[PDB]
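Protein chains in written order, with the entry's author numbering: chain La, 2 to 149; chain LC, 106 to 157; chain LQ, 31 to 213; chain Lq, 2 to 142; chain Le, 2 to 125.
For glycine and all other residues, C-beta sits at the position ideal for the given N, C-alpha and C.
The next block holds one structure in the form of structure tokens; read it before the comments.
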Amino acid sequence: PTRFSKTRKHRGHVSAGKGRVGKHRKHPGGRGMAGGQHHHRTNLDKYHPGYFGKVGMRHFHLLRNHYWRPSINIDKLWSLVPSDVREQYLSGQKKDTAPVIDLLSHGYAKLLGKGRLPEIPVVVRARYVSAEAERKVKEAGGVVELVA
Amino acid sequence: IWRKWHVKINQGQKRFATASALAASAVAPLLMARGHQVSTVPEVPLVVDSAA
Amino acid sequence: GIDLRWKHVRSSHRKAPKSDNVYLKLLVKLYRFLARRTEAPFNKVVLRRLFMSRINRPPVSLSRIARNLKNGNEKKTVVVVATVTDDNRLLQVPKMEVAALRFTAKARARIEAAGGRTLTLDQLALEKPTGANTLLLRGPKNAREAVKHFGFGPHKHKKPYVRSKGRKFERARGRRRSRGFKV
Amino acid sequence: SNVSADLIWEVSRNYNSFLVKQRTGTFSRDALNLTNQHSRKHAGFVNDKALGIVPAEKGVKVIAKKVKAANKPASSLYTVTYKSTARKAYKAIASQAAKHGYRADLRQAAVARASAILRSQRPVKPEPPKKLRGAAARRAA
Amino acid sequence: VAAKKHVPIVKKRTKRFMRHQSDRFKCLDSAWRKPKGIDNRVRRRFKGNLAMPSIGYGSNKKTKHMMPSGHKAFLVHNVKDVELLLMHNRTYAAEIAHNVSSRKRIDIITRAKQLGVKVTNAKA
RNA sequence: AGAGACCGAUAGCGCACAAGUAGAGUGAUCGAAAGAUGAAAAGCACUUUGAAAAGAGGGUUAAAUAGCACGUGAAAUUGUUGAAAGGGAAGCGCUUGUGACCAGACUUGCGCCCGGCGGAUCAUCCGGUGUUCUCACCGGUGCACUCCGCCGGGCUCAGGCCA
RNA sequence: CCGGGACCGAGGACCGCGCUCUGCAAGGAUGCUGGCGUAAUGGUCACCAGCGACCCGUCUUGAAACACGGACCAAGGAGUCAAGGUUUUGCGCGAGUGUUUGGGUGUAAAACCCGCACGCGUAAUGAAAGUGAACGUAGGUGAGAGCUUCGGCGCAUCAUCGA
RNA sequence: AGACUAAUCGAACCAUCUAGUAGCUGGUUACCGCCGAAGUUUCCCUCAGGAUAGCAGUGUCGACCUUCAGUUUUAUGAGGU
RNA sequence: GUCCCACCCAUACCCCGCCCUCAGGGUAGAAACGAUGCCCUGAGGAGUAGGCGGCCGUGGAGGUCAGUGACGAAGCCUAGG
């Protein structure tokens, strides 16, 4: 909508708000990132430190699929079972059954461990697992298998 | 010819907005203020028999 | 002449909401009345927060309210002029009595399943018109992604605007000391 | 509920099909609006109880709203025609307004509108012919 | 019918704020325009030049928009419009639109004479 | 072939018209201006002055203030008539004066007393209907120191401009 | 303590502070009287008169300049659109969010419905192989709006010592 | 003779690339209200120009925190005109 | 050259009226209100480059005035309001 924009309030004032001494010429300073090392160095060194230079080794023909392994913490593990079944377990009316959660189906590969866990035995099937995660799931009463 | 002619809005807001309109369609003071001639109609939500 | 340093200096805080919600306008009328004809500072503070903008009213969560429900507060009224959301980590929800601006679908369901009550601000003024036995809460104001870029500079440990994250982007010179200098 | 007189005023406080806005004041063309001003106090089509006066063939015709049958406009208007005497009509209207708490603030306005309608229903007096002063005195000669 | 009682009417000015240099060029309407030149005389407020419209020239808020008789103008188009002035005999005055047929004009004046409303543009 | 929150004769393609035409250059090439009488030509018979172009009468039309220089017809610029000023510029701002021209406002309203005229019908009660359930409408009775409309006389209050 | 003169009369039931206290000069002007009811008061325009008044736009420390453009009039005439960022305002949902590449259907370029994948976010750090977030009621200290059984509990945020 | 090559020659004329680039001249269209500057520091084949800090506007938020001050008094230090 | 009386006028100072901007208050067992309204109180008003707010006009689109018009719409002229 152009009916309310600052260009409609400039009609009648010569120079259209761009100044009388500096007249808004075409390209004073150069096009693009010109002068990066010469007259725009102050900007490129107060901000963006690290722009120039080379670092690290290179890698020909990277295939991103080789590096697919999304993770999941340990406090969100209980959010993988439906709500109605979940409340039955946490409220304490089963006492004799344990859920076998399969991370791979729900789209996870590694089970990291960050939070706490309630003292109910479970069974986890993962591709990768961390040292801290293993300890917590084991002291709760369950075990973790490797499935590939 | 490549200015932005059409626009895109959320389906949630579409349904919210159309629901609000149906609700206001049952308030007789609004019917008058918008310009209709309903000073005769028996009930403000009309429902015909459907046999007719 | 009068030789002053300031003149015709406007205020600095909002004096009316900039939104045009019809239901929100009703709240403002009601609390204008209450704050004018009462002496409880609870009413005046609630009035001002009704004007604020979405970045000045951050969301609170069941865990944050649950934190303040300890050490002898299990029977006060929590009031939050903001949205109230659910927390997927709190495994067992205590018994509460909340008065908020709007809840989420799951947040409302879980509170009423534990055996509490969810109110609105009009009902709150009808039950406790002076704020007795209440406690006001806020959300985390500095928890936006856009606040980690403020005041960027050398020796500041802030976040830069980069189009991607990886090896080739703003690492070579000025960060590591092995290529020139460091910040 | 979520509907009320106050809410309806919020929706129509800015524009409605009964409004006539131009420079030097705004007016409203309603049947149930006394004094034809645009205000919450006088907007009849929003309040749950209002009054209106319309000139009949010999007298006035007073109309009010029945708070119970609000969702049925066919029978939601109490109508009575006063055609007997000015003073008796004045008394009946004032009592109808401010005796049972049915908008006791429109008493003074209801009486005044009745006075205007009856005042206009009289036979008019003839205007006296104009004069011409200096301009047309020369022309008439 | 005379209008309501009111305080006396003061105007504070009667001239029309003509535009600088409109008496010398024919391609310059006399509507006022802000002179925005570097070294203009009127913009610098020299002595002996045209004045400039300020906000200190405004009129009293009680006597704003009233014609010298005491009423305020109201533009009407048909007979249903002059009926909106039923409750305002002593404050407003009707004014017939310029695109109304001659028959409609005489019809309106009859209804207005009954209602006791002053009409300004009434054909002699 | 169908459409548009597009342009409306200096716009929209260079072209709404005998336009890639008229015209320029040895040549490759360059390349315009120009829409609208009236519903219907009913496109002015006849007389008269003039060498003729044309003019004046007289005609057609709702209109010739539409006459093939044709719908509407602004400004720059020009003619006639009417008013006024001018000793090496004119124009302009503040304030009176003379002359010309002109919009408003007032020309009654309310109330009381006496006399006259005309009418259906004041308070009250009974029946029916509606409604905000105590306030009203309709029908009947009510019949002159009650009520209403008009006229005549007298009286109080108010109402325009300058002092 | 007594005279003489000038300019002004804002407000619109009572409510107050008071005094010389059947009242008052105390929170803002009333009383009596005269002429005229129209060109008389008032307004617009033209001209004479007293005082004042250098040509606009622009660059420049400095413009009325012996600095540049401008004979006059009418129409045309200059910060826009797309992709990608960023902060702020309004809105919907909320640990999730996003229908429209596509399918179903239709009063047909409109409106309405559907879901597998996918994008952003929920986890960082190293060049890399790799590893991967709770001792405490998610810590201690000084301030903090608000609440409070008056003892205290202390949101957001600021400073500091720790994990 | 840098002379002539269609009134054109120290490199003809015609169409396209082409709306070729410009740190340089010229212009940049209605009204009212409130606030209101700089020609200075550092860097650049920088000196008719840019980035950076400063001066300015708008939007707010925390309290109404009771803190502050181009100033004076009292006590106590430094200076080489 | 020194001293002493009276007098003259700035957009400066004092008092009063009016306009706007900013700040502080009152107004629902509503006989109530363009609550974006009304009422009470105090101070201030210069401005290029520049920033923000409010309003007025033009060509088109949706809704509404049951809008105007051959008994005369649009347009144009007018020391007439």
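- Judged by DSSP in its simplified three-state form, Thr36 of chain Lq adopts helix.
- If you draw a straight line from the Cα of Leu64 of chain LQ to the Cα of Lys92 of chain Lq, it is about 40 angstroms long.
- Excluding five sequence positions before and after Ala110 of chain La, the CB atoms of its chain that fall closer than 8 angstroms to its own CB belong to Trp69, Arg70, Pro71, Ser72, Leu104, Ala127, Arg128, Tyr129, given in chain order.
- When the Cα atoms are used, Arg117 of chain La and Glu133 of chain La turn out to be separated by approximately 11 angstroms.
- For a cut-off of 8 angstroms, the C-beta gap from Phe19 of chain Lq to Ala138 of chain LC is around 6 angstroms, short enough to register as a contact.
- For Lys171 of chain LQ, the three-state secondary structure derived from DSSP is coil.
- DSSP, read as helix, strand or coil, puts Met67 of chain Le in strand.
- Residues of chain Lq whose Cβ lies closer than 7 angstroms to the Cβ of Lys48 of chain LQ do not exist, since the nearest Cβ in that chain is about 16 angstroms away.
- Here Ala44 of chain Lq is not near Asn37 of chain Lq, since their CB atoms are 8 angstroms or more apart.
- Of all residues in the region 74-107 of chain LQ, none comes within less than 7 angstroms of chain La when Cβ atoms are compared.
- In the structure shown, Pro36 of chain Le falls within a coil segment according to DSSP collapsed to helix, strand and coil.
- Exposure of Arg4 of chain La is indicated by the presence of fewer than 16 other C-beta atoms within 10 angstroms of its C-beta.
- Judged by DSSP secondary structure, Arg114 of chain Lq falls outside any beta strand (DSSP E) and instead within the alpha helix (DSSP H) spanning 108-121.
- Distance from the CA atom of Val22 of chain La to the CA atom of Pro36 of chain Le, rounded to whole angstroms, is 20 angstroms.
- Taken in chain order, the unbroken stretches of alpha helix (DSSP H) that lie wholly in the region 120-158 of chain LQ and span 4 residues or more are 135-144, 151-157.
- Residues of the region 19-46 of chain Lq with a Cβ closer than 9 angstroms to any Cβ of chain Le, in chain order: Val21, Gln23, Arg24, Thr25, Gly26, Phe28, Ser29, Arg30, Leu35, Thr36, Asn37, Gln38.
- For the region 48-71 of chain LQ, the beta-carbon criterion of a distance under 9 angstroms to any beta-carbon of chain Lq is satisfied by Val52, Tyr53, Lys55, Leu56, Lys59.
- In terms of beta-carbon proximity, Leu78 of chain La stays away from the interface with chain LQ, with every pair separated by 8 angstroms or more.
- Here the alpha carbons of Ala143 of chain LQ and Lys137 of chain La stand approximately 30 angstroms from one another.
- Any Cβ of chain LQ closer than 8 angstroms to the Cβ of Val12 of chain Lq would place that residue at the interface, and such an atom is present.
- Any Cβ of chain LQ closer than 8 angstroms to the Cβ of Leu8 of chain Lq would place that residue at the interface, and such an atom is present.
- With at least 16 other beta carbons inside 10 angstroms of its own, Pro74 of chain Lq counts as buried.
- Judged by DSSP secondary structure, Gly53 of chain Lq falls within the beta strand (DSSP E) whose first and last residues are 52-56.
- A distance below 8 angstroms separates the beta carbons of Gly142 of chain La and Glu120 of chain La.
- Rounded to the nearest whole angstrom, the CA to CA distance from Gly93 of chain La to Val152 of chain LC is 53 angstroms.
- Annotation: the continuous alpha helix (DSSP H) that includes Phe72 of chain LQ extends over 71-79.
- Going by DSSP, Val83 of chain Le is part of the alpha helix (DSSP H) stretching over 80-83.
- Contacts with chain LQ (Cβ-Cβ distance below 8 angstroms) from the region 53-78 of chain La involve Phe53, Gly54, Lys55, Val56, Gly57, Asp76, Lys77, listed in chain order.
- Residues of the region 136-155 of chain LC that bring their beta carbon within less than 7 angstroms of a beta carbon in chain Lq comprise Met137, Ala138, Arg139, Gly140, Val143, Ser144, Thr145, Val146, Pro147, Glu148, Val149, in sequence order.
- Under the Cβ criterion of 8 angstroms, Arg114 of chain Lq is counted among the residues facing chain Le.
- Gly57 of chain La carries a coil assignment under DSSP once its states are collapsed to helix, strand and coil.
- Taking C-alpha positions only, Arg67 of chain LQ is separated from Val123 of chain LQ by approximately 38 angstroms.
- A check of alpha carbon separations from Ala111 of chain Lq across Lq:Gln97, Lq:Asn15, Lq:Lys67, Lq:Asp7 identifies Lq:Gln97 as the nearest.
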